[PDB]
Amino acid sequence: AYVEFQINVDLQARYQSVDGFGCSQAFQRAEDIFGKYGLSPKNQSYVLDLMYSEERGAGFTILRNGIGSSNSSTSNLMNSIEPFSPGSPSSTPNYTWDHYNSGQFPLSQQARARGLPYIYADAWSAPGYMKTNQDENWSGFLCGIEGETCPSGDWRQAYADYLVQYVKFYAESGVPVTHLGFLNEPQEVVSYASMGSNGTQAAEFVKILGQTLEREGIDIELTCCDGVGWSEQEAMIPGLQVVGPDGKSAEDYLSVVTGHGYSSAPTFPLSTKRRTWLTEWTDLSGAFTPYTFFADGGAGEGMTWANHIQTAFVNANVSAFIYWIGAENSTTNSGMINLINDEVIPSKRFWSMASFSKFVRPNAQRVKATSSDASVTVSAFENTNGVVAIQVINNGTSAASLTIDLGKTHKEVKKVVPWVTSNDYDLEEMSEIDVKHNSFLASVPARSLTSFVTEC
Ligand SMILES: *[C@@H]1O[C@H](CO)[C@@H](O[C@@H]2O[C@H](CO)[C@@H](O[C@@H]3O[C@H](CO[C@H]4O[C@H](CO)[C@@H](O)[C@H](O)[C@@H]4O)[C@@H](O)[C@H](O[C@H]4O[C@H](CO)[C@@H](O)[C@H](O)[C@@H]4O)[C@@H]3O)[C@H](O)[C@H]2NC(C)=O)[C@H](O)[C@H]1NC(C)=O
Ligand SMILES: *[C@@H]1O[C@H](CO)[C@@H](O[C@@H]2O[C@H](CO)[C@@H](O[C@@H]3O[C@H](CO[C@H]4O[C@H](CO)[C@@H](O)[C@H](O[C@H]5O[C@H](CO)[C@@H](O)[C@H](O)[C@@H]5O)[C@@H]4O)[C@@H](O)[C@H](O)[C@@H]3O)[C@H](O)[C@H]2NC(C)=O)[C@H](O)[C@H]1NC(C)=O
Ligand SMILES: *[C@@H]1O[C@H](CO)[C@@H](O[C@@H]2O[C@H](CO)[C@@H](O[C@@H]3O[C@H](CO)[C@@H](O)[C@H](O)[C@@H]3O)[C@H](O)[C@H]2NC(C)=O)[C@H](O)[C@H]1NC(C)=O
Ligand SMILES: CO[C@H]1[C@H](O)[C@@H](O)[C@@H](O[C@H]2[C@H](O[C@@H]3CO[C@@H](O)[C@H](O)[C@H]3O)OC[C@@H](O)[C@@H]2O)O[C@@H]1C(=O)O
Ligand SMILES: *[C@@H]1O[C@H](CO)[C@@H](O[C@@H]2O[C@H](CO)[C@@H](O)[C@H](O)[C@H]2NC(C)=O)[C@H](O)[C@H]1NC(C)=O
Ligand SMILES: *[C@@H]1O[C@H](CO)[C@@H](O[C@@H]2O[C@H](CO)[C@@H](O)[C@H](O)[C@H]2NC(C)=O)[C@H](O)[C@H]1NC(C)=O
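Residues numbered from 1 in each chain as written, not as in the entry; some residues may be left out. Chains lettered and ligands numbered in written order. Heavy atoms only, no water.

Looking at the method and resolution fields of the entry, one finds X-ray crystallography and 1.653 Å.

Next up, the structure:
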C-alpha cells in the first residue's frame, strides 16, 4: 500500500512524565475574570470553564500565582501578607491574610472546583525591607545571602518563614499549594517586583527553605529559578548542583527546575536530574492576533504556539508548559484569551494550548513518535488511563494523508478521534476513525494542528 506520510508511535520507548499545562493570573489579572472591567457573570463562568473544565474547555491543570511583595494594591501590584517590616529579622512578624491575594485566591478555588490539581506559588521578590535596596523593585538581593549583607541584619530565615506562612494561609483556607518558588527572572532589573541571585546564591536559599519545610512538616515541591530564558536558567544549574560541606546540593531539595522562554526558547534539555517546567512565555510585542493560526509566522499566531509547545516537550524535555496570562482585559497577545469588557475572544494560542491540555493529562508519559517528512511534526503521550494522545502539526500548504502506526500495545486500539485546530477550526472534533492492527489512516488539513485521541 502507498504511504504519503508515515508516522510511527512506539509506546515501548518512553521519556519524561507530564505534570500539565496552564497559565498565570498575576498582577491583578485574576480580577479581570471576576468582572473587574465589566465581564458578565455568564462570561465569568464561561471563561473559568474554558480554562479549567476538561469537558467544556482546556482543562488546564497548573495555575501559577504570585506571592505578592507590595505594601499596597495600587496600579497592578500584588499586595503582601507581610506589608510592613517587623523591625528586625528576629522580631515577631505581623501577617495579614485577605482571602484574596489579588484575585488569585478565589480563582484558585474556582479552578480546584473544576479539578485543577497543581497550584504553583511564585514570588517575584521578597518584601522590600528584607532586601539590600530596601525595595521590592529594581532587583536587589535578599539580606544575608552570600556577598550581600545589610545593616538591618540577616533576613534569609525570615523570608523562608514568610513563604511558609503564605502557603499555610492557603492550606488553612482549603486551597493547598503544591509547588513553591521564591524567585522570578533573577537576571532581570526592572521597575516592578524583582530580586537577584546567581546559581550559587539561589542554591543557598533553596537549602534554607527546604530545611524549613522539613522542620514544619509541610509537603510541597520546591522550584528554581524561573530564569528569563532557557539558556539563562541552564547557566544557574551548576550552582544548584554543588554538593556543599553538608553533603547536599540545592538540587537535592528541588522537585522542578523552572524557566521562561523570553530570552531563549526551550529547544534543548536542561542538565538537571529533575523534571523541568516551562513556567512563563507569551508574545509581549503588543500585536493583536486573536484569530490567526497561520498567516506569516507572526509571534502571536496559533501555529507558532502549537510549535513552541510541541518543541518544548519533544526537544526540550519539559514536563509542563505554563503560558503567561490566561485571560485579561486587553487587546494584545500577552494573554491567551482577550476580554473586551463583557466579551470573550479565545485566541488560537489558547486553542493550541487546549489541544494539548485537554488530552495530555497529569502523569502522562511522552513516548517516541517519528515522522517521515519534515512538513509534518509529531509528538505523542500515553496517559495513566491508557488514552494515547498524538499531536500532529501539518505545515504543508495542502492536506496531508498520514499512515499512523501505533506499534505494539497490550490491548489493540480500535478507535481514534481527531480534534483539529487551524484558521478554520478552534478545537473541532472530527468523526472517529477505525484502527486495524494498531494502524490507521487520516488526512489532516493544510497549516493545522490535529490531536488524535485513542479510545479505551
Ligand atoms: C511553517 O512554514 C512557514 C513557511 O511557509 C514558516 O513561516 C515563516 O515563519 C517565520 C518565523 O518562523 C516568519 O518570520 C517571522 O515573521 C514575523 C512576522 O512578519 C510579518 O510581520 C512583519 C512585520 O515586521 C512583516 O515585515 C512581514 O512581512 C510579515 O508580514 C516577524 O515578526 C519575525 O521577526 C522576528 O524574528 C526575526 C528572526 O528571529 C527577528 O529578526 C525579528 O527582529 C523579529 O524578532 C520573523 O521574521 C516568516 O515570515 C514565515 N514565512 C512565511 C512565508 O510565511 C513557519 O515558520 C513554519 N512553521 C513551523 C512551525 O515550522
Ligand atoms: C459574553 O461573551 C460573548 C462572547 O464575546 C458576547 O457575545 C458577543 O458580543 C459581541 C458584542 O458585545 C458581538 O460582537 C459583534 O459581532 C458582530 C458579528 O457577529 C457575527 O459574527 C461572529 C463571528 O463568528 C459570530 O460569532 C456571531 O454569532 C453570534 O451572534 C449571532 C447574532 O445574534 C447569533 O445568531 C449566533 O448564534 C451567535 O450567537 C455573528 O454571526 C459585529 O457585526 C459587531 O460589530 C460586534 O463586533 C459578538 O457577535 C457576540 N458573540 C457571541 C458568540 O454571542 C456576549 O455579549 C457576552 N455577554 C453575555 C451576557 O453573553
Ligand atoms: C528528561 O527529563 C527527565 C526528568 O523529567 C530526566 O530524568 C532523569 O534521568 C536521570 C538519569 O540521567 C535520573 O537520575 C538517576 O536517578 C537514580 C535514582 O532515581 C540514581 O540512582 C541515578 O544515579 C541517577 O541519578 C533521574 O531520576 C530522572 N528524573 C526523573 C524525575 O525521572 C531525563 O534524564 C531527561 N532527559 C534528558 C535527555 O536530559
Ligand atoms: C497587557 O499588559 C501586559 C504587558 O504588556 C506585558 O509587558 C506584561 O507586563 C507585566 C509584566 O509581566 C512580565 C512580562 O515579562 C516576563 O519576563 C516577566 O516574568 C513578567 O513579570 O509583569 C509586571 C507587570 O507590572 C506588568 O504589567 O503583562 C501585561 C499583562 O497584564 O498581560
Ligand atoms: C512600600 O513599598 C514601596 C515600593 O517598594 C516603598 O517605596 C520605595 O522605597 C525605597 C526605599 O526608601 C525607595 O528607594 C523607592 O524609590 C520607593 N519606591 C516608590 C515607588 O516609592 C516603600 O518604602 C514601602 N513602604 C513601607 C512602609 O514599607
Ligand atoms: C478594558 O478593555 C476595553 C475594551 O478593549 C478597553 O476600552 C477600549 O480602549 C481602547 C483604547 O485602549 C479604545 O480604543 C476603545 O474605544 C475602548 N473601548 C471602550 C468600550 O471603552 C479598556 O481601556 C480596557 N481597560 C483596561 C484597564 O485594560
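A. Layout of the site of ligand 1. Near ligand 1 the following residues occur: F294, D296, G297, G298, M303, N307, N395 and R447. Within the side chain of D296, one N or O atom sits 2.5 Å away from an oxygen atom of ligand 1. The contact in question runs from an oxygen atom of ligand 1 to an N or O atom on the side chain of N395, over 2.4 Å. Computed on the free molecule, ligand 1 has an accessible area of 1,100 Å², of which 25% lies beneath the protein chains in the complex. (Near = heavy atom within 4 Å. Polar contact = N/O pair within 3.5 Å; in protein donor to acceptor, adjacent residues only side chain to side chain. Areas by Shrake-Rupley, 256 points an atom, 1.4 Å probe, with all protein chains shown as cover.)

B. Seen up close, the site of ligand 2. Around ligand 2, the structure places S40, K42, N43, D342, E343 and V344. A distance of 2.8 Å is found between a nitrogen atom of ligand 2 and a side-chain nitrogen or oxygen belonging to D342. Note that an oxygen atom of ligand 2 is positioned 2.9 Å from one of the backbone N or O atoms of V344. Within the complex, the protein chains bury 21% of what would otherwise be the 1,000 Å² of accessible surface of ligand 2. Of the residues that constitute the shell around ligand 2, the class distribution is 1 nonpolar, 2 polar and 3 charged. (Nonpolar A, V, L, I, M, F, W, Y, C, P; charged D, E, K, R; others polar.)

C. Structural view of the packing of helix α9 (residues 302–314) against helix α10 (residues 348–359). At their nearest, the axes of α9 and α10 sit 7 Å apart, and the two run at 35 degrees to each other. Of the two elements, α9 crosses α10, and the hand of that crossing is right-handed. Within the contact between the two elements, α9 uses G302, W305, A306, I309 and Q310 and α10 uses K348, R349, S352, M353 and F356. Per-class residue counts for the contact of α9 with α10 are 5 nonpolar, 3 polar and 2 charged. (Axes fitted to C-alpha atoms, helices over the stretch in contact; angles between N-to-C directions. Helix = DSSP H or I, 4+ residues; strand = E, 2+ residues; numbered from the N terminus. Left-handed = near helix turned anticlockwise from the far one by under 90°. Contact = heavy atoms within 4.5 Å.)

D. Just the pairing of strand β4 (residues 118–123), in detail. In terms of burial, β4 is a largely internal element, 6 of the 6 residues being buried. Of the two faces of β4, both are covered, the one formed by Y118, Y120 and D122 as well as the one formed by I119, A121 and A123. With 6 bridges connecting them, strand β3 (residues 62–67) and β4 associate as parallel partners. Bridge assignment links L63 to a residue of β4, and that residue is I119. Note that the unit made of β3, helix α3 (residues 104–113) and β4 has a crossover that is right-handed. Sheet topology places β4 next to strand β5 (residues 179–181); 3 bridges connect them, and they run parallel. Bridge assignment links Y120 to a residue of β5, and that residue is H179. Following the chain from β4 across helix α4 (residues 156–172) to the adjacent parallel β5, one finds a crossover that is right-handed. (Buried < 20%, exposed > 50% of the residue type's maximum accessible area, 1.4 Å probe, protein only. Pairing = 2+ DSSP bridges. Right-handed = clockwise from strand over helix to strand, strands pointing away.)

E. How the structure looks around the packing of aromatic side chains. Scanning the entire structure with this criterion turns up 25 aromatic pairs. Clustering of aromatic rings is evident, with ring pairs tying together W97, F105, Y166, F169 and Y170. (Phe/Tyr/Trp six-rings, centres within 6.5 Å; stacked < 30°, edge-to-face > 60°.)

F. Representation of α3 in the model. Turning to α3, its buried residues number three or more, namely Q104, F105, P106, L107, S108 and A111. Against α1 (29–33), α2 (41–52), β3, β4 and α4 lie the buried residues of α3.

G. How the structure looks around the environment of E429. One can find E429 in strand β17 (residues 428–429). Accessibility expressed as a relative area gives 47% for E429, which makes it partly exposed. Residues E429 and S451, 22 residues apart in the sequence, show an inter-C-alpha distance of 9.4 Å. Once residues within four sequence positions are removed from consideration, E429 is found in contact with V417, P418 and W419.

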